[PDB]
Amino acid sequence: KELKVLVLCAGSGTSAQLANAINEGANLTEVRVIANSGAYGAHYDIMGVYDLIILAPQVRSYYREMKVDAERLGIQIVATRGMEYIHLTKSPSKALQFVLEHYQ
């Protein structure tokens, strides 16, 4: 199966920056990964479709509660901080590596 990644932000659209980087890295490297983006709060019914959910910096405060929500489905959850996240958005290769290192 293709690895399914959801990047969530607080609605600024910053999540799309990381989804795009992941997808470009996946495409160029020819690895089976797709990333989508969305707003935190639109995810409660769709989260089970995904294997890995990445919180953008501005939704880091929801990490603990999202981990509890993830526990019934065994979804991997990762939170990011600002400098880390922005560096990933600028590097498809690093963005892809980040995804895979968080889904071993």
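Sequential numbering from 1, following the sequence displayed.
Colleague: Return whichever of 33-41 and 62-70 has the greater mean Cα B factor according to the PDB record.
Modeller: Mean CA B-factor is higher for 62-70.
Colleague: Do the C-alpha atoms of 24-32 or of 52-60 have the higher average B factor in the entry?
Modeller: Stretch with the higher mean C-alpha B-factor: 24-32.
Colleague: Comparing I75 with the other modelled residues of its chain, is its CA B-factor in the lowest, middle or highest third?
Modeller: Highest third - that is where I75 ends up once the chain's C-alpha B-factors are sorted.
Colleague: Sorting the chain's modelled residues by C-alpha B-factor, tell me whether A19 ends up in the lowest, middle or highest third.
Modeller: Lowest third - that is where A19 ends up once the chain's C-alpha B-factors are sorted.
Colleague: Sorting the chain's CA B-factors, does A10 end up in the lowest, middle or highest third?
Modeller: Highest third, going by the recorded CA B-factors of the chain.
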